[PDB]
Structures are given as C-alpha cells and as structure tokens.
C-alpha cells in the first residue's frame, strides 16, 4: 500500500490509539517501499498541502518582542520553495552542507523543509554555541552554506574566519547577508533515496570530542512515527514542544511529530531564561492541546501557584530527555487531572520506549518499548535478560534493522564501540518490570546530562587544558535536583600555580568564553592526583563513588563550588 495511504491510516489510528491498531500499523510499516523517497514532496505537499493547504500549519510567538505570526500549510510550502530556490541559486547541490543556527522562527521550519526537499545535509546548531565550538564543527564538516538569525550572526562570521561560503540570514544585515526569500520557482524535489542522509547532529560522546550522528530521509522523517505514537499527536491538535533549536527533540516534537499528522504547530521563542509563568500563560492563552516539555521545565512549573491556571483545552502532556520523578507527575495530575507521560530515546534514534496514551502509566517508569524497535536489555557479555528486576545495558537489535535508527556516527571507531555484533548500544542502563515496564537507572557511559543537555567529558577537559595553570582535568556528573546533573571539574595544577578560589574563578571565566553555558563547570576542585587504573586511564567512576561518600557525610576539601 501507497506512501500516502500509510500516513492517512496512521492519522486515523492517532484519533483513537489502541494496542491492536498499533500492531496493525507496525505490520504496515513492514510493507512500505521507501527505496526512493522525499518526505516534503511525498507527505508534506502530497498529503497536507493538498488536503490542508489553507489550514493554519504553524503559530509562532516571540515572548520577548510580542511579535506574532501564523502560517498555513500552503504559505509555508511556498516559503520553503523560495529558500530552496535561493539555495540552488547561490550554487548548492544535493549532499551540500548547511549549518542552521536560528531562534525558533517560521524561517527555521522553512529551512528544515527546503533541506529535506533539496536532499541537502543540514547541521542544526544551537544558539548557545560559542565561536570556539563553531570552529570545531567547521573543522570537522566544512560548510557549503550558513544560515543565522541576526543575533547569532556575529558568532558565525568570526568562526568562519577565512572560509568563503554562502552566508544567509533570517533578518537584515550589513554584508554578505542575503535573505533566503527570492524565487518560488525552481522548487523541484530532489529525488532522494530513503537511505540518503539529510541531517548531521553533532552529539556528545563519552570518550572524546563530539562527533556527528547521521540521519537519512527515512530515519527521522518516518521513524518519528514512534515518537508521535507515544505522545498522541492528532490532526486537530495544537502541539507545543519546549526544545532548543539545534537538537533532536526539536526535530522530534516541534517539527516531525506534528507535521506527520497535519496538526497545528505552536512555536514559542524566548531569549535567555524561561519565564516559567509567562510561558504557561502563553500555553493557556493559545489553547495548546498537546504539550511536550523536558523534565527540567516540569520541575520549574510545579513551584508556581498553579491555581492561577485553568488549562481548559489541554489534552496531551508528555516529557523526555531526562528522568521524571513521580512526585512531579502527582502534583500536575492533582492540580489538572492530567498525567505527564515519560518517553525515552536518543539523538541517535527516535522514540524507543514510553507511556503511550492507552497505557496505564507507571510513575518513574518510562513505560514499554515501541514494537518497531527491537529493544533488548543485555547483561555483560550480551545475554539478554529475563529476570525482571535485574539491571543491564539498553540495546537495539539490528537483525531486522529498525527504522528510526541513525545510519551511524561520523567516527568509525565509535561505530565499532557502539555497534556490537547484531546490537547497537545506547550505553544507558535500566531494568524490566514484571509487566515489561522499564525504569531508567542511569548511564553506563561517563556522559553527563544537565538540563536536557548531553555533555561529554572530553569537551570540557580539553577546554580546561587551555588555561595556562592546568596540567590535568577530569569532568564528572554531580547529582542536582533541578537540572538532573551538574558539571564538576577536578583539576591538577602545574608547579608554581597555587590552588585558590581566586584561581578557580579565573579558569571558570575563561571556560565561559569557550564552552556553551550548560557546560561551564558549576564546581571546581583542585586536587593532587586523579585516580587511575594501571593502564593510565582516569577512573571517573571512582570519582563519583568518592562524591557519593562525600555527600553522605557532607565533605568538601579545596573544592570551590562555582
């Protein structure tokens, strides 16, 4: 059965989700022939622009400015077509690289479209990212094209240095900043193969510097159905996602999940800190019926006087990126008679397990796996677990290779580490419930996750060695209640340098310069020796055990705490 038939049948299943009907959809995925496939052409245009061309596709609000905008599927399609023209016009061919660094803005959605439509490789780039970070990224994947909002432009320029490349803006600017909107014509689909790459996410890894996860014109564009399945997004729905541009969750709940079902997207852009109340006021005042927010946000929402809210038209509420304490779910349920449904997955994939709408949520459980993923819980030496309450690594079986699973990393050795002989390793660790539920326990990696931002040690460590006074560094995750973890840095000095709170200050402010804010360590401890195995490897694990002991007792040595 045809591409278009598939998606419509899914949409109907969304309007009343049920396990049987899910099993049906699962088989139908098995039948799809995706060998040459362009999502914009085949689904956006062919279904939604056809059948919903005049339906309002996106509603956008800048909290800071007040600026409002609303675009219909048609208006939107022509916008995307203009950009695709303007890209080809400034000399871009399929497979060419496009960095995208913008605020939440209608033109962000236009550019996502252009890129899928034109079969280009886009690199979503956060707006936190520092010139340093951008120069690394370019060094890894050199850019054919650059697109930025006015405020993030100065950073991109400086990072490029000598590189000459196409430079585009969403606003109006002084020099080599041409607007994307020019020609509707020349909006011809690229015939892209399903297995063609269109997106490169720069994801943080344990061992080293962040590399790229590689997503095809089928992996995300259709795999995202797993996500939608768990959230319960329908055609009627107004959908809202609290995610930053430059990351997957954006692609998941802000872009693909709503637009698959022809829903109305709601995009709220703010600079700086989350006005927790003002935000929820917009939610209520725009009548959003489907809402996904990272746990860190939910944590902030609870602390408010919630009596001032009557979330009148709110139907679906979800969470993903970090653990969600039952206590939070309870308070929200108590105040509004809605449950927040925790779901799981990685930049590397789409939604993997979760509390579907028709599933009795178990608090703090993420829930049950999606049947399209072949989810296995392996012990050491890859024996999949039966015993419910026993802990192990979380893995995808590749034998039937799930769609949604990224083609693989940019760094073939991390490919060899992660992919093990019929299994992909997420590295994360969990246990089964008798009833086949899933409770996240933590990360096998040395990976840190603060405020839904995944940070890998080496990024910060190497940043630290940039200071004259630093001979060795070790970056670890510390428990925090608000953001799930915090960044701690153990440091060993050169001769001459003495350990001082004044010095810790100095180093940290240098790091502000180099690292994205979420990455600047909130704690700096000067030490003598770092724990090492014989090999010479740093036992960061051992540092965290040390920190568990310290926190049971209330210890602090010469740690500086900011």
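Positions refer to the first chain, counted from 1.
When 506-514 is weighed against 25-33, 25-33 comes out higher, by mean CA B-factor as recorded in the entry. Relative to its counterpart among 375-383 and 321-329, 375-383 has the higher mean temperature factor, C-alpha atoms as listed in the PDB entry.
For the set 148, 128, 243, 176, the maximum C-alpha B-factor listed in the entry falls on 176. Within the listed group 445, 459, 390, 452, the record reports its top CA B-factor for 390. Ranked within its chain, residue 89 lands in the highest third, by CA B factor from the PDB record. In the deposited entry, the Cα temperature factor of residue 54 sits in the middle third of values across the chain's modelled residues. For residue 38, the recorded CA temperature factor ranks within the middle third of the chain's modelled residues.
When the CA B factors of the chain's modelled residues are split into thirds, the value for residue 271 lands in the lowest one. The PDB entry assigns residue 537 a C-alpha temperature factor belonging to the highest third of its chain's modelled residues.
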